[PDB]
Every structure is written in structure tokens, then in C-alpha cells.
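Given next, in C-alpha cells, is a single chain: the form deposited in one PDB entry.
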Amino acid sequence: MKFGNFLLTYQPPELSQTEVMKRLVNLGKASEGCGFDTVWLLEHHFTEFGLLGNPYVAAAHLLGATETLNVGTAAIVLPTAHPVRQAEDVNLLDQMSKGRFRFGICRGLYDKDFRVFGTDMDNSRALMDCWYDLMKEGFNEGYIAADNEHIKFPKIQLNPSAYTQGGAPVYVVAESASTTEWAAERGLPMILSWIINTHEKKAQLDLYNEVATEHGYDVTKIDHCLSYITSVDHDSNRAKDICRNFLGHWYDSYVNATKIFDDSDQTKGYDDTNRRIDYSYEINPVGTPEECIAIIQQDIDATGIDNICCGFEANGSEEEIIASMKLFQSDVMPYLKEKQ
């Protein structure tokens, strides 16, 4: 199937920013050496949760550094940037890499991103939906324009021209179902939380499906994704331990990210949470290989999806992060099998 390495660029309290940038590049490289066929990047501004707030650029560095590896942006936050500028970037990316770029998009979760990038807070879905069109249009026509409460710019030419016909492959990181719907309407492949479970997942699908179908798509080729967090070790106990700590941090970090909350600044115009996450390691590849293998097949056999992408930063260190990917490469990788 398809394997992917997921990278957040989360900064551990013991690693300095530099340290993290270095480890970040090393992993991007090592990826393929470990049997992974795509490296996926998360985008995140101003905090330790993610230091890498410009996936296109990062992507270009690794894409350039490699012959065959694939790179994707797990989550480009659609609204916060200018469609034209994004189109040019994806297009450059696609053309320079010769089609090795995966354009995973997302809607936008933190406020901050919006209060600073100066974008429309409520319209979050509209925007994404709209930006997407312009971009789309630029993708095969070769031109772009507007005319809405969103933006307004006249017909311009677009360079360079898309390498991959119709543009780079698009993916949606969707949790909400309004969003599950949105995707389906255009039948886009997608990425699944690692916080949810089998039923939950399988259930999002169906939903995706009744739409996909209503619009005549072949659910047979849409490549979705099983995204997880991984912890491969022989001591199931360490694997899970380590993992438990990670999620404290993650969670805490995650929370803090709801920061700029002291009212002396207006987003007025001119120009929250879920439930238990600390136990979500029970539904992901954490523990011995045997344990990982099972947990995975299960989601597989239930969705049909053959692309699972994992994140190993939890092991923290650069070394451990590797061992646990090599472990997986030898011990989990071989043993998985396609759907029903």
C-alpha cells in the first residue's frame, strides 16, 4: 500500500528551535530509507506545537533534496493566504518536483492564524470553498479572477503552468461533516483523525459515500487516509508510557494555542475542545509490533483505504524516532494486507 511519515515540528521542551529544524530535515530525508513513500507536513504559527508555518517552502527544500520521495502538506490552512499566491506556489512546486507534491488542505482551527494573517473568521468554510475554486480554475485554464464579498481582482495570467494535469492532487483534512460533505461534493480524497475510531471512521466514510455517489464518483479510487500516531517498541509498556506523556504535552500545547485572548486588539474588521484524548493511544499503533499490526488492519478491513500515514515524533529523540520507524518498516510494514 501507501505509507507516509507525518511530521508536526513540535518542539519538545528540551530541544531548542534549531535543534528541531535540524531533526526535521533529517527525518524528511531518512523517510524513504525507511520504506515511507510520502512525507506530510503540518502548518502551524507562533507556538511550540508546530514551528513550521510555511509548508510550501519546507516542501521545496525536501523535494529538491530528493529524487523520488513525495511530499505533501497535511494541512495547508486554506483561508489565511492569497489564492493567487498559493496557486503559483503549488504550481511551481508541481513543476519543479515534476509532480511529487500532495496538496492536503484544511480549513483553519486556531484563531491566532486569523487575527494575525488578517482573515475573515466566520466565513472559514466559504472562503476555503471559494479560494479553492479560483485556484482550481487557475489550475487548468491558466487564468484567475473574483467577484464576491471575499476578494476582487481582475483576470491575470498564471505562471507557471501546472505540471500535473488539473493541478496537484488535493486532500482534505476533515473532521466536521459539513466538511465531509464539501469534500464528497467534489469527491476529494481525505485524511482521518487519529483521535476517532473504527466505527467513527467507517461512519464518516458512509457519509462521504452517499454524496460521492449522488454525484457519480467511483469510491473505488478515491484515496483516503488513515492517519495515526505510532509507537513501536518491544516493551508494550514503554511504547504506551512514552506515548502517554506525549499527549499530555501535545494536549497542553494544543490548548495554550488559544492564546491571544486579552482584549486590546480588534478583529472587528478594517484590515472549544472535545473530550478525552489521553487514552487515544488505545486506538493507535502503540505498543509491540503485533499490537500495532492489529490495530491497523482493523481500520483497514473496515474502510477499504490503503494509505496509512504515521507520526513518530512521540518517541522524541532523533534516534528513537528512527528505530521506531525501522522497527515498523521491518516488523509492521511487511505484515499488512489489503481490504476484504
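If you superpose the two forms and keep the largest set of C-alpha atoms that fall within 1.5 Å, you have the rigid core. Residues that one form lacks are left out of the comparison. The first residue of the shown sequence is 1; numbering continues from there.
Just so you know, the form solved in complex with a small molecule exists too; it's not on screen, but the next bit is about it.
If the cut-off is 4.5 angstroms on heavy atoms, which of these, 107, 100, 201, 224, is the one near the small molecule in the deposited bound form?
In short, 107.
Heavy atom within 4.5 Å of the small molecule in the deposited bound form: which of 197, 179, 267, 123 fits that? Just give me the one.
Selected option: 179.
Which among 230-238, 71-79, 155-163, 134-142 is in contact with the small molecule in the deposited bound form, heavy atoms within 4.5 angstroms?
Selected stretch: 71-79.
Using a 4.5 Å heavy atom cut-off, are 42, 174 and 191 all in contact with the small molecule in the deposited bound form?
Affirmative, all three are within 4.5 Å.
I'd like to know if residue 6 sits close to the small molecule in the deposited bound form, meaning any non-hydrogen atom pair within 4.5 angstroms.
Residue 6 belongs to the contact set for the small molecule.
Which residue of 176, 266, 159, 165 is the mover here, meaning its C-alpha shifts by 2 Å or more between the shown form and the other one once both are aligned on the rigid core?
It is 266.
Which stretches of at least three consecutive residues shift by 2 Å or more at every Cα between the shown form and the other one, once the core is superposed?
Run shifting 2 Å or more: just 259-270.
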